[PDB]
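Novice: Take a look at this one; I'll ask things after.
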Amino acid sequence: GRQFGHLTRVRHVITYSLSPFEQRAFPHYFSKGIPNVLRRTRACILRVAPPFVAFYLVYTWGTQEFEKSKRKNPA
Amino acid sequence: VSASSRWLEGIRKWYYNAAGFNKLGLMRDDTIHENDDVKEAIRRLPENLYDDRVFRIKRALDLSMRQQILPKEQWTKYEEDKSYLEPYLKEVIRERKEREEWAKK
Amino acid sequence: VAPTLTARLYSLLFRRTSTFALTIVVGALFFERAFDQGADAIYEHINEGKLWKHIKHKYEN
Amino acid sequence: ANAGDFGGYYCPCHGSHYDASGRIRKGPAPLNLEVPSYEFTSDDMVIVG
Amino acid sequence: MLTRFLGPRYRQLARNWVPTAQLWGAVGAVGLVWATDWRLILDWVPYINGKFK
Amino acid sequence: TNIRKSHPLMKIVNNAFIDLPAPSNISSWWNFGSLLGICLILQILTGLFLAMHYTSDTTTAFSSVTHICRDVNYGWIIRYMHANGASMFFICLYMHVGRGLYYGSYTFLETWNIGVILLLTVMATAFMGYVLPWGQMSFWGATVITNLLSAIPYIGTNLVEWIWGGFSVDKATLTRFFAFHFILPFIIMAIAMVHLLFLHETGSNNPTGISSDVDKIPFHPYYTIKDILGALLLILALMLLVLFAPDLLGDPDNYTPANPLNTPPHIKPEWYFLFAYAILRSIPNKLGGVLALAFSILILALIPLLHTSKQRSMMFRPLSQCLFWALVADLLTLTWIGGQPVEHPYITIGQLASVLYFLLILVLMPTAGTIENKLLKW
Ligand code: HEM
Ligand code: HEM
Ligand SMILES: COC1=C(OC)C(=O)C(C/C=C(/C)CCC=C(C)C)=C(C)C1=O
Ligand SMILES: COC1=C(OC)C(=O)C(C/C=C(\C)CCC=C(C)C)=C(C)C1=O
């Protein structure tokens with residue numbers, strides 16, 4: 001279902017738009033663009049990054065213990 | 001009242017800021033998940049609040065689309081954050097719970 | 001012992017869909033056996049070429 | 001053959017360690033390796049089955 | 001929060017549906033038994049001893 | 001009236017890809033639904049062309065697969081597109097499920113539950129796929145797997161022998177697996193349509209988890225082209241894999257013909273089951289291992305009952321985000337461990353990671369939602 005004209009009630013909202021043939025597809029692409037990705041990165045590192053390094057560490061340690069274990073000195 | 005309450009209050013303020021709905025000009029109640037109780041409370045809102053709530057959601061979905069965010073001064077400030085829905089939601093729940101009590105006897 | 005007969009079947013077993021089902025399932029079990037043996041024996045009589053001969057060859061094992 | 005903690009058998013799929021009698025000692029294997037029905041017809045021959 | 005379904009009416013409801021839930025289970029059982037030919041369960045039934053021993 | 005809107009056949013198209021009101025803010029993460037759509041068709045098309053030369057007999061199975069790569073014109077790409085597409089199908093599948101979890105999309109019960117059936121089905125499908133070339137890994141993979149079912153009390157031995165068609169993974173077993181691997185993707189498709197049917201009752205969710213009726217756009221310029229750009233990105237990934245590293249995700253041993261006497265020291269699944277494999281062998285029990293193996297997948301059906309937060313998405317929930325990323329990180333660990341022998345480090349870390357997987361989904365994530373509600377005074 002769904003349709004358009006039966007979704008919900010909206011009042012007093014104007015929407016100015018401009019035709020795609022009158023504007024640029026990539027406005028300040030590098031100018032405003034890159035700052036935004038850095039800002040999006042800041043916003044999320046502390047939530048995405050840590051779990052992963054914990055694995056990165058568990059992975060390298062895990063490998064070292066295993067390979068070092070199949071060796072032996074006395075007895 | 002003292003040191004402790006402010007500490008729980010500042011922890012709450014901290015979560016709020018971290019939660020980040022404020023950055024999209026949203027208010028806490030604009031983020032509530034819509035179940036029946038909630039759908040009814042939205043319905044019961046007065047004209048003004050209802051209209052303001054749609055503009056906020058629209059402002060946010062738009063921002064969320066181009067993955068931008070509002071200038072810092074326009075973020076909603078914690079505890080200037082009017083919980084407009086709460087009293088309505090509370091009553092709708094209270095009404096449902098009474099129906100539920102009656103349904104047991 | 002005739003009008004009251006299908007009447008009892010309905011009263012005691014067909015009214016509820018519970019019993020109705022239970023009865024056809026209990027009824028499927030016995031029927032399977034009775035139809036199988038009963039039809040095997042009809043297939044058995046019209047023939048007598050297969051393993052009726054078994055009595056001979058075997059036993060000597 | 002000749003692998004594992006018990007000098008018998010080792011199953012690489014989930015870590016089943018067996019001894020020289022075929023008994024399970026480590027890992028998730030529920031029973032000992034099945035001993036087939038067998039007999040010796042002489043000092044140099046064995047008929048399994 | 002399933003405390004919504006706890007009260008006298010629901011307790012009356014449960015009882016009214018027991019003979020039915022019980023008879024549905026008898027249907028399911030015999031139905032399972034007869035369909036797989038449950039050796040263990042079947043061998044006890046008087047007739048239907050089509051597995052001799 | 002129009003033609004699109006009124007015609008019985010076109011209506012369906014119109015209501016699903018043209019005038020469908022879509023949220024204006026869905027991001028890549030929403031592309032994996034169409035990408036799974038493409039992967040499904042790609043798997044069917046290359047899958048059919050392979051079936052035009054493949055033989056389902058142990059005598060010629062491997063040879064026919066070889067016949068395809070050397071002799072059949074362009075048989076090799078078709079074969080690698082198939083193989084690599086199966087992996088692409090799992091990368092997309094995993095993005096899709098994860099997207100649903102992070103964003104609260106699972107609240108659409110029927111859609112999601114149908115999605116679980118779709119996951120199981122392509123899994124059952126891909127497992128049978130891998131056995132077809134009759135390589136050492138095909139046979140021993142087929143062996144290790146099916147035999148799990150023998151842990152089911154009183155019925156397990158008869159069940160395993162029933163699907164085997166003997167006492168081993170033999171002739172009967174290969175042909176069998178061909179037939180099921182042929183019919184399964186069609187059934188998947190009928191289910192993908194029912195999936196999309198239920199999805200249509202509400203329309204899509206979005207990153208904020210807040211309703212978007214207030215700002216919907218037609219699927220008609222916006223998401224047709226965004227799906228297009230995205231399929232092109234799926235092609236890049238797939239083609240990069242097949243035209244430069246066709247065995248990278250493959251096991252060099254499935255290249256040695258099946259030998260029912262030669263057990264490779266290796267013995268591991270295709271990467272997409274490695275996490276479940278790790279969970280399975282973490283348990284020093286036959287029944288429990290397979291009981292928990294199953295539960296590591298069927299748990300997706302418990303997720304909606306464990307939603308505890310007053311918000312739908314995770315966009316506004318930090319504590320929950322951390323727990324989510326720890327789930328993904330824990331799933332890397334699980335696959336990594338699953339691809340490693342059951343000797344030192346590996347046993348105890350893969351054992352604890354298994355506990356964590358279930359502690360996370362079953363206890364930690366819900367508890368976080370309650371805490372978050374509380375911090376918000378909700
Ligand atoms: C043959 C496998 C699948 C196909 C073809 C399929 C196809 C799709 C399509 C086309 C969409 C709409 C666009 C999108 O959000 O991506 C979608 C959304 C969804 N699917 Fe699937 N999907 C499949 C597997 C799954 C799985 C494995 C699950 C999880 C158990 C799942 C649960 C969902 C849910 C909940 C949504 C709604 C997401 C939202 O709107 O935010 N589906 N799917
Ligand atoms: C009905 C459409 C399909 C057909 C007709 C089909 C047919 C085949 C045939 C004949 C083989 C053996 C040839 C070979 O190994 O290259 C095969 C292998 C395989 N297929 Fe399919 N299949 C289809 C859909 C799928 C699906 C849905 C998947 C799951 C993503 C899938 C994943 C596999 C895998 C993993 C292999 C073994 C790996 C390999 O390529 O060597 N295929 N398929
Ligand atoms: C021999 O190598 C192996 C595979 O490759 C052939 C696998 O695929 C899997 C896991 C496969 C499945 C289907 C688990 C899902 C079970 C249920 C009930 C959903 C394992 C454990 C494995 O050891
Ligand atoms: C508004 O949200 C939606 C999208 O934007 C994220 C999509 O991209 C698609 C794409 C689905 C397609 C092309 C159908 C494929 C299915 C099969 C069986 C081939 C759907 C349905 C949708 O609802």
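In the structure tokens, each chain is lettered A, B, ... as it comes, each chain's residues begin at 1, and ligands are numbered from 1 in order of appearance.
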Could you give me, as a ChimeraX atom specification, every polymer residue with an atom at most 10 Å away from an atom of ligand 3, counting only C-alpha atoms and all ligand atoms?

Specialist: /D:13-14 /F:116-117,119-131,137-149,266-281,289-298,338-339

Novice: Check every protein, DNA and RNA residue against ligand 1, keep those with an atom at most 7 Å away (counting only C-alpha atoms and all ligand atoms), and present them as a short mmCIF file (atom, residue, chain, number, x, y, z; two decimals) with C-alpha atoms, in the first residue's frame.

Specialist:
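Output (part-v3.cif):
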```cif
data_model
loop_
_atom_site.label_atom_id
_atom_site.label_comp_id
_atom_site.auth_asym_id
_atom_site.auth_seq_id
_atom_site.Cartn_x
_atom_site.Cartn_y
_atom_site.Cartn_z
CA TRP F 29 23.02 0.25 3.60
CA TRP F 30 19.68 0.43 2.05
CA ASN F 31 21.29 -0.61 -1.25
CA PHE F 32 21.95 -4.18 -0.16
CA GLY F 33 18.33 -5.15 -0.77
CA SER F 34 18.57 -4.44 -4.50
CA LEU F 36 20.88 -9.09 -3.04
CA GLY F 37 18.25 -8.91 -5.84
CA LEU F 40 20.15 -13.62 -6.83
CA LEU F 93 23.49 -10.68 3.11
CA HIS F 96 21.69 -6.33 5.11
CA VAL F 97 21.10 -8.18 8.37
CA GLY F 100 18.49 -4.15 10.04
CA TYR F 103 18.62 0.53 12.57
CA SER F 105 14.36 -2.44 10.96
CA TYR F 106 13.47 -5.78 12.53
CA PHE F 108 8.68 -5.12 10.83
CA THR F 111 9.36 -8.84 6.74
CA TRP F 112 12.29 -9.72 9.06
CA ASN F 113 11.15 -13.19 9.88
CA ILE F 114 10.73 -13.85 6.21
CA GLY F 115 14.26 -12.46 5.95
CA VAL F 116 15.50 -15.12 8.39
CA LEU F 118 15.73 -16.16 3.24
CA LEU F 119 19.03 -16.32 5.09
CA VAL F 122 20.56 -19.25 0.75
CA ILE F 188 14.13 -18.19 -2.62
CA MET F 189 12.80 -15.85 -5.27
CA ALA F 192 11.92 -12.66 -1.79
CA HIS F 195 9.52 -10.39 1.69
CA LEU F 196 8.94 -7.37 -0.53
CA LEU F 199 7.81 -4.59 3.29
CA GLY F 203 7.54 1.27 3.29
CA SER F 204 11.17 1.58 4.32
CA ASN F 205 12.69 2.57 7.66
CA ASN F 206 15.46 5.17 7.69
CA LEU F 300 17.71 -13.35 14.81
#
```

Novice: What gap, in Å, lies between atom CA of residue 349 of chain F and atom CA of residue 16 of chain D?

Specialist: 18.3 Å

Novice: Starting from chain C, keep only residues with some atom at most 7 Å from an atom of chain E, counting only C-alpha atoms, and report them as a list in words.

Specialist: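 Taken together, these residues fit the definition: residues 18, 21, 22, 25, 26, 29, 30 and 33 of chain C.
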
Novice: Can you list, as number ranges by chain, every protein, DNA or RNA residue that comes within 9 Å of segment 14-16 of chain B when you count only C-alpha atoms, leaving out same-chain residues fewer than 6 positions away?

Specialist: B: 22, 28, 78; F: 316-318, 372, 375-376

Novice: Using 8 Å as the limit and counting only C-alpha atoms, can you tabulate each residue of chain E that touches chain B, with its shortest atom-to-atom distance in Å and the two atoms involved, as a Markdown table?

Specialist:
```
| residue | atom | partner | partner_atom | distance |
| --- | --- | --- | --- | --- |
| E:4 | CA | B:100 | CA | 6.1 |
| E:5 | CA | B:104 | CA | 7.0 |
| E:6 | CA | B:104 | CA | 6.6 |
| E:7 | CA | B:104 | CA | 4.7 |
| E:8 | CA | B:105 | CA | 5.5 |
| E:9 | CA | B:105 | CA | 5.3 |
| E:10 | CA | B:104 | CA | 6.5 |
```

Novice: Put those residues in a file: N, CA and C atoms, as a PDB file, in the first residue's frame.

Specialist:
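Saved file again-v3.pdb follows:
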```pdb
ATOM      1  N   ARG E   4      -0.691  -8.779  31.898  1.00  0.00           N
ATOM      2  CA  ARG E   4      -1.960  -8.390  31.288  1.00  0.00           C
ATOM      3  C   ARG E   4      -2.892  -9.608  31.241  1.00  0.00           C
ATOM      4  N   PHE E   5      -2.307 -10.780  30.997  1.00  0.00           N
ATOM      5  CA  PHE E   5      -3.080 -12.018  30.869  1.00  0.00           C
ATOM      6  C   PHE E   5      -3.169 -12.828  32.138  1.00  0.00           C
ATOM      7  N   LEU E   6      -3.067 -12.160  33.283  1.00  0.00           N
ATOM      8  CA  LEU E   6      -3.159 -12.839  34.560  1.00  0.00           C
ATOM      9  C   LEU E   6      -4.357 -12.368  35.395  1.00  0.00           C
ATOM     10  N   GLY E   7      -5.397 -13.185  35.432  1.00  0.00           N
ATOM     11  CA  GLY E   7      -6.589 -12.868  36.183  1.00  0.00           C
ATOM     12  C   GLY E   7      -7.632 -13.960  36.056  1.00  0.00           C
ATOM     13  N   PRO E   8      -8.725 -13.826  36.816  1.00  0.00           N
ATOM     14  CA  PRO E   8      -9.812 -14.826  36.843  1.00  0.00           C
ATOM     15  C   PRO E   8     -10.396 -15.201  35.455  1.00  0.00           C
ATOM     16  N   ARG E   9     -10.651 -14.227  34.616  1.00  0.00           N
ATOM     17  CA  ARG E   9     -11.210 -14.517  33.278  1.00  0.00           C
ATOM     18  C   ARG E   9     -10.245 -15.371  32.423  1.00  0.00           C
ATOM     19  N   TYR E  10      -8.975 -14.990  32.414  1.00  0.00           N
ATOM     20  CA  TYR E  10      -7.971 -15.734  31.682  1.00  0.00           C
ATOM     21  C   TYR E  10      -7.806 -17.139  32.251  1.00  0.00           C
TER      22      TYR E  10
END
```

Novice: May I have the residues within 7 Å of ligand 2, computed using only C-alpha atoms and all ligand atoms, as a PDB file with C-alpha atoms, in the first residue's frame?

Specialist:
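The resulting file, pocket-v6.pdb, is shown below:
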```pdb
ATOM      1  CA  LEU F  40      20.149 -13.620  -6.833  1.00  0.00           C
ATOM      2  CA  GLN F  43      23.598 -16.619  -9.319  1.00  0.00           C
ATOM      3  CA  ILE F  44      20.697 -17.985 -11.343  1.00  0.00           C
ATOM      4  CA  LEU F  45      21.966 -16.895 -14.759  1.00  0.00           C
ATOM      5  CA  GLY F  47      24.179 -21.020 -12.508  1.00  0.00           C
ATOM      6  CA  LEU F  48      22.035 -22.048 -15.533  1.00  0.00           C
ATOM      7  CA  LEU F  50      27.032 -23.974 -15.842  1.00  0.00           C
ATOM      8  CA  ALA F  51      24.203 -26.546 -15.687  1.00  0.00           C
ATOM      9  CA  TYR F  54      28.014 -29.752 -15.642  1.00  0.00           C
ATOM     10  CA  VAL F  65      33.888 -28.546 -14.018  1.00  0.00           C
ATOM     11  CA  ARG F  79      32.341 -20.455 -13.369  1.00  0.00           C
ATOM     12  CA  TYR F  80      34.207 -17.740 -11.331  1.00  0.00           C
ATOM     13  CA  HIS F  82      29.288 -18.061  -9.965  1.00  0.00           C
ATOM     14  CA  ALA F  83      31.820 -18.921  -7.279  1.00  0.00           C
ATOM     15  CA  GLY F  85      28.982 -14.232  -6.698  1.00  0.00           C
ATOM     16  CA  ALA F  86      28.159 -16.687  -3.954  1.00  0.00           C
ATOM     17  CA  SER F  87      30.606 -14.747  -1.735  1.00  0.00           C
ATOM     18  CA  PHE F  89      25.811 -12.827  -1.958  1.00  0.00           C
ATOM     19  CA  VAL F 122      20.563 -19.247   0.750  1.00  0.00           C
ATOM     20  CA  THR F 125      21.584 -23.379  -0.980  1.00  0.00           C
ATOM     21  CA  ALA F 126      25.320 -22.400  -0.918  1.00  0.00           C
ATOM     22  CA  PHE F 127      26.355 -25.390   1.197  1.00  0.00           C
ATOM     23  CA  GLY F 129      26.575 -25.639  -4.085  1.00  0.00           C
ATOM     24  CA  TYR F 130      30.085 -26.130  -2.813  1.00  0.00           C
ATOM     25  CA  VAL F 131      29.757 -29.946  -2.864  1.00  0.00           C
ATOM     26  CA  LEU F 132      29.034 -30.043  -6.592  1.00  0.00           C
ATOM     27  CA  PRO F 133      32.660 -29.867  -7.988  1.00  0.00           C
ATOM     28  CA  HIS F 181      20.695 -26.639  -5.514  1.00  0.00           C
ATOM     29  CA  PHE F 182      18.747 -26.134  -8.720  1.00  0.00           C
ATOM     30  CA  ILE F 183      15.280 -25.747  -7.205  1.00  0.00           C
ATOM     31  CA  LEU F 184      16.208 -23.765  -4.062  1.00  0.00           C
ATOM     32  CA  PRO F 185      16.998 -20.388  -5.711  1.00  0.00           C
ATOM     33  CA  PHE F 186      13.577 -20.336  -7.405  1.00  0.00           C
TER      34      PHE F 186
END
```

Novice: Got a sec: who's within 12 Å of residue 36 of chain A, counting only C-alpha atoms, leaving out chain neighbours fewer than 6 positions off, as a PDB file with C-alpha atoms, in the first residue's frame?

Specialist:
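Wrote around.pdb, looks like this:
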```pdb
ATOM      1  CA  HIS A  28      31.782  22.846  -2.981  1.00  0.00           C
ATOM      2  CA  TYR A  29      32.808  19.120  -3.458  1.00  0.00           C
ATOM      3  CA  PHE A  30      36.255  19.242  -2.028  1.00  0.00           C
ATOM      4  CA  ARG A  42      35.173  12.299  14.641  1.00  0.00           C
ATOM      5  CA  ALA A  43      31.574  11.723  15.516  1.00  0.00           C
TER       6      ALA A  43
ATOM      7  CA  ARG B  66      22.525  15.249   3.116  1.00  0.00           C
ATOM      8  CA  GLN B  67      24.333  14.090   6.253  1.00  0.00           C
ATOM      9  CA  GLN B  68      24.780  17.527   7.533  1.00  0.00           C
ATOM     10  CA  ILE B  69      23.937  18.930  10.939  1.00  0.00           C
TER      11      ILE B  69
END
```

Novice: Would you pick out the contacts of segment 13-24 of chain F at 7 Å or less, using only C-alpha atoms, so that residues sharing its chain but fewer than 3 positions from it are not included, and give the list as number ranges by chain?

Specialist: A: 2-4; B: 65; F: 4-5, 10, 203-204, 206, 212, 215-220

Novice: Write out as an NGL selection string each polymer residue whose atoms come within 10 Å of residue 158 of chain F, counting only C-alpha atoms; drop sequence neighbours fewer than 5 positions from it.

Specialist: :F and (149-150 or 163-164 or 167)

Novice: Restrict the distance test to only C-alpha atoms, flag each residue of chain D within 8 Å of chain F, and return the flagged residues as a PyMOL selection string.

Specialist: chain D and resi 12-15+27-30

Novice: Run DSSP on the backbone and give me the residues of segment 21-53 of chain E it puts in helix (DSSP H, G or I), as a PyMOL selection string.

Specialist: chain E and resi 21-36+39-42

Novice: Store the residues of this selection in a file with N, CA, C and O atoms, as a PDB file, in the first residue's frame.

Specialist:
```
ATOM      1  N   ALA E  21      -7.495 -28.580  23.942  1.00  0.00           N
ATOM      2  CA  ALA E  21      -6.007 -28.648  23.739  1.00  0.00           C
ATOM      3  C   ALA E  21      -5.443 -30.064  24.033  1.00  0.00           C
ATOM      4  O   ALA E  21      -4.431 -30.490  23.458  1.00  0.00           O
ATOM      5  N   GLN E  22      -6.096 -30.756  24.948  1.00  0.00           N
ATOM      6  CA  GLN E  22      -5.744 -32.099  25.290  1.00  0.00           C
ATOM      7  C   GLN E  22      -6.138 -33.040  24.103  1.00  0.00           C
ATOM      8  O   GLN E  22      -5.307 -33.815  23.621  1.00  0.00           O
ATOM      9  N   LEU E  23      -7.367 -32.906  23.594  1.00  0.00           N
ATOM     10  CA  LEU E  23      -7.827 -33.759  22.492  1.00  0.00           C
ATOM     11  C   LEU E  23      -7.104 -33.498  21.185  1.00  0.00           C
ATOM     12  O   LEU E  23      -7.000 -34.386  20.342  1.00  0.00           O
ATOM     13  N   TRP E  24      -6.607 -32.275  21.022  1.00  0.00           N
ATOM     14  CA  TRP E  24      -5.805 -31.893  19.859  1.00  0.00           C
ATOM     15  C   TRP E  24      -4.419 -32.609  19.945  1.00  0.00           C
ATOM     16  O   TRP E  24      -3.809 -32.964  18.934  1.00  0.00           O
ATOM     17  N   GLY E  25      -3.945 -32.819  21.163  1.00  0.00           N
ATOM     18  CA  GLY E  25      -2.673 -33.476  21.379  1.00  0.00           C
ATOM     19  C   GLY E  25      -2.775 -34.977  21.144  1.00  0.00           C
ATOM     20  O   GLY E  25      -1.803 -35.607  20.753  1.00  0.00           O
ATOM     21  N   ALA E  26      -3.958 -35.544  21.418  1.00  0.00           N
ATOM     22  CA  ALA E  26      -4.223 -36.966  21.180  1.00  0.00           C
ATOM     23  C   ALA E  26      -4.249 -37.164  19.672  1.00  0.00           C
ATOM     24  O   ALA E  26      -3.680 -38.120  19.166  1.00  0.00           O
ATOM     25  N   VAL E  27      -4.899 -36.231  18.962  1.00  0.00           N
ATOM     26  CA  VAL E  27      -4.918 -36.242  17.502  1.00  0.00           C
ATOM     27  C   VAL E  27      -3.472 -36.190  16.957  1.00  0.00           C
ATOM     28  O   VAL E  27      -3.076 -37.030  16.146  1.00  0.00           O
ATOM     29  N   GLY E  28      -2.686 -35.222  17.437  1.00  0.00           N
ATOM     30  CA  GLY E  28      -1.319 -35.069  16.993  1.00  0.00           C
ATOM     31  C   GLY E  28      -0.477 -36.304  17.248  1.00  0.00           C
ATOM     32  O   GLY E  28       0.294 -36.699  16.393  1.00  0.00           O
ATOM     33  N   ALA E  29      -0.660 -36.929  18.413  1.00  0.00           N
ATOM     34  CA  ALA E  29       0.108 -38.129  18.785  1.00  0.00           C
ATOM     35  C   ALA E  29      -0.200 -39.352  17.889  1.00  0.00           C
ATOM     36  O   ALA E  29       0.692 -39.854  17.178  1.00  0.00           O
ATOM     37  N   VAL E  30      -1.450 -39.820  17.929  1.00  0.00           N
ATOM     38  CA  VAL E  30      -1.885 -40.942  17.107  1.00  0.00           C
ATOM     39  C   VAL E  30      -1.508 -40.655  15.658  1.00  0.00           C
ATOM     40  O   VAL E  30      -0.995 -41.517  14.963  1.00  0.00           O
ATOM     41  N   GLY E  31      -1.700 -39.404  15.242  1.00  0.00           N
ATOM     42  CA  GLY E  31      -1.348 -38.952  13.904  1.00  0.00           C
ATOM     43  C   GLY E  31       0.134 -39.085  13.591  1.00  0.00           C
ATOM     44  O   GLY E  31       0.501 -39.433  12.477  1.00  0.00           O
ATOM     45  N   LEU E  32       0.982 -38.791  14.567  1.00  0.00           N
ATOM     46  CA  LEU E  32       2.407 -38.935  14.375  1.00  0.00           C
ATOM     47  C   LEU E  32       2.739 -40.444  14.346  1.00  0.00           C
ATOM     48  O   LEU E  32       3.389 -40.934  13.415  1.00  0.00           O
ATOM     49  N   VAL E  33       2.243 -41.158  15.365  1.00  0.00           N
ATOM     50  CA  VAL E  33       2.418 -42.601  15.518  1.00  0.00           C
ATOM     51  C   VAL E  33       2.039 -43.404  14.236  1.00  0.00           C
ATOM     52  O   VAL E  33       2.885 -44.090  13.650  1.00  0.00           O
ATOM     53  N   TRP E  34       0.794 -43.254  13.786  1.00  0.00           N
ATOM     54  CA  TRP E  34       0.290 -43.934  12.598  1.00  0.00           C
ATOM     55  C   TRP E  34       1.021 -43.550  11.301  1.00  0.00           C
ATOM     56  O   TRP E  34       1.149 -44.370  10.411  1.00  0.00           O
ATOM     57  N   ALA E  35       1.509 -42.315  11.209  1.00  0.00           N
ATOM     58  CA  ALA E  35       2.201 -41.854   9.995  1.00  0.00           C
ATOM     59  C   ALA E  35       3.684 -42.292   9.851  1.00  0.00           C
ATOM     60  O   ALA E  35       4.214 -42.351   8.731  1.00  0.00           O
ATOM     61  N   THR E  36       4.358 -42.569  10.963  1.00  0.00           N
ATOM     62  CA  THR E  36       5.754 -43.022  10.880  1.00  0.00           C
ATOM     63  C   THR E  36       5.840 -44.493  11.223  1.00  0.00           C
ATOM     64  O   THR E  36       6.899 -45.109  11.081  1.00  0.00           O
ATOM     65  N   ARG E  39       6.995 -48.024  15.886  1.00  0.00           N
ATOM     66  CA  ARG E  39       7.239 -49.337  16.393  1.00  0.00           C
ATOM     67  C   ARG E  39       7.040 -49.414  17.894  1.00  0.00           C
ATOM     68  O   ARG E  39       6.171 -50.153  18.363  1.00  0.00           O
ATOM     69  N   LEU E  40       7.818 -48.619  18.639  1.00  0.00           N
ATOM     70  CA  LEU E  40       7.738 -48.595  20.101  1.00  0.00           C
ATOM     71  C   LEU E  40       6.306 -48.426  20.602  1.00  0.00           C
ATOM     72  O   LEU E  40       5.800 -49.284  21.356  1.00  0.00           O
ATOM     73  N   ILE E  41       5.634 -47.357  20.136  1.00  0.00           N
ATOM     74  CA  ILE E  41       4.281 -47.055  20.582  1.00  0.00           C
ATOM     75  C   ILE E  41       3.230 -47.998  20.042  1.00  0.00           C
ATOM     76  O   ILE E  41       2.354 -48.444  20.790  1.00  0.00           O
ATOM     77  N   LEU E  42       3.355 -48.372  18.771  1.00  0.00           N
ATOM     78  CA  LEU E  42       2.359 -49.245  18.153  1.00  0.00           C
ATOM     79  C   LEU E  42       2.248 -50.657  18.674  1.00  0.00           C
ATOM     80  O   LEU E  42       1.150 -51.123  18.928  1.00  0.00           O
TER      81      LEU E  42
END
```

Novice: I want to know what sits within 12 Å of residue 68 of chain A, based on only C-alpha atoms, with residues of the same chain fewer than 6 positions away left out; could you give that as a list in words?

Specialist: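 Close residues of residue 68 of chain A: residues 61 and 62 of chain A; 344 and 345 of chain F.
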
Novice: I'd like the interatomic distance between atom CA of residue 46 of chain A and atom CA of residue 324 of chain F, to a tenth of an Å.

Specialist: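 Atom CA of residue 324 of chain F lies 12.6 Å from atom CA of residue 46 of chain A.
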
Novice: Just to confirm, what's the straight-line distance from atom CA of residue 325 of chain F to atom CA of residue 301 of chain F in Å (one decimal)?

Specialist: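 Atom CA of residue 301 of chain F lies 20.1 Å from atom CA of residue 325 of chain F.
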
Novice: What are the residues of chain A that have an atom within 10 Å of an atom of chain B, counting only C-alpha atoms, as a list in words?

Specialist: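 In the required form, that comes to residues 8, 9, 10, 11, 12, 13, 36, 37, 39, 40 and 43 of chain A.
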
Novice: Based on DSSP run over this structure's backbone, return all residues of chain D in strand (DSSP E), as an MDAnalysis selection string.

Specialist: chainID D and resid 9:11 16:18 24:26 38:39 47:48

Novice: Restricted to N, CA, C and O atoms, what would the selected residues look like written as a compact mmCIF listing (two decimals), in the first residue's frame?

Specialist:
```txt
# COMPACT_ATOMS: atom_id res chain seq x y z
N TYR D 9 45.31 -41.41 18.08
CA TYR D 9 44.64 -40.82 16.93
C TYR D 9 44.16 -39.40 17.24
O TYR D 9 43.87 -39.07 18.39
N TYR D 10 44.07 -38.58 16.21
CA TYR D 10 43.59 -37.22 16.36
C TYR D 10 42.68 -36.89 15.19
O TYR D 10 43.05 -37.07 14.04
N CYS D 11 41.49 -36.42 15.49
CA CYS D 11 40.55 -36.05 14.46
C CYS D 11 40.56 -34.52 14.30
O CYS D 11 40.10 -33.80 15.19
N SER D 16 39.18 -34.06 18.24
CA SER D 16 38.99 -35.30 19.01
C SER D 16 40.30 -36.06 19.16
O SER D 16 40.90 -36.50 18.18
N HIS D 17 40.75 -36.21 20.40
CA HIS D 17 41.99 -36.92 20.69
C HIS D 17 41.68 -38.33 21.15
O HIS D 17 40.89 -38.53 22.07
N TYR D 18 42.29 -39.31 20.50
CA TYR D 18 42.08 -40.71 20.86
C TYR D 18 43.40 -41.38 21.30
O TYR D 18 44.49 -40.92 20.93
N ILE D 24 38.02 -42.28 23.36
CA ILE D 24 37.96 -40.82 23.37
C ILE D 24 38.44 -40.25 24.72
O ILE D 24 38.02 -40.70 25.80
N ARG D 25 39.36 -39.28 24.65
CA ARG D 25 39.95 -38.69 25.85
C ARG D 25 39.80 -37.17 25.91
O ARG D 25 39.80 -36.58 26.98
N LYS D 26 39.73 -36.54 24.74
CA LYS D 26 39.61 -35.09 24.66
C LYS D 26 38.80 -34.70 23.42
O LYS D 26 38.87 -35.38 22.40
N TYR D 38 35.78 -59.17 14.74
CA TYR D 38 36.97 -59.83 14.12
C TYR D 38 37.55 -61.07 14.86
O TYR D 38 37.28 -61.30 16.04
N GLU D 39 38.37 -61.85 14.13
CA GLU D 39 39.02 -63.05 14.67
C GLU D 39 40.33 -63.36 13.92
O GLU D 39 40.51 -62.98 12.76
N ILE D 47 40.75 -62.13 10.00
CA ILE D 47 39.54 -61.92 9.21
C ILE D 47 38.60 -60.95 9.94
O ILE D 47 38.06 -61.27 11.00
N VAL D 48 38.46 -59.74 9.39
CA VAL D 48 37.58 -58.72 9.97
C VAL D 48 36.21 -58.80 9.26
O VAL D 48 36.14 -58.70 8.04
```
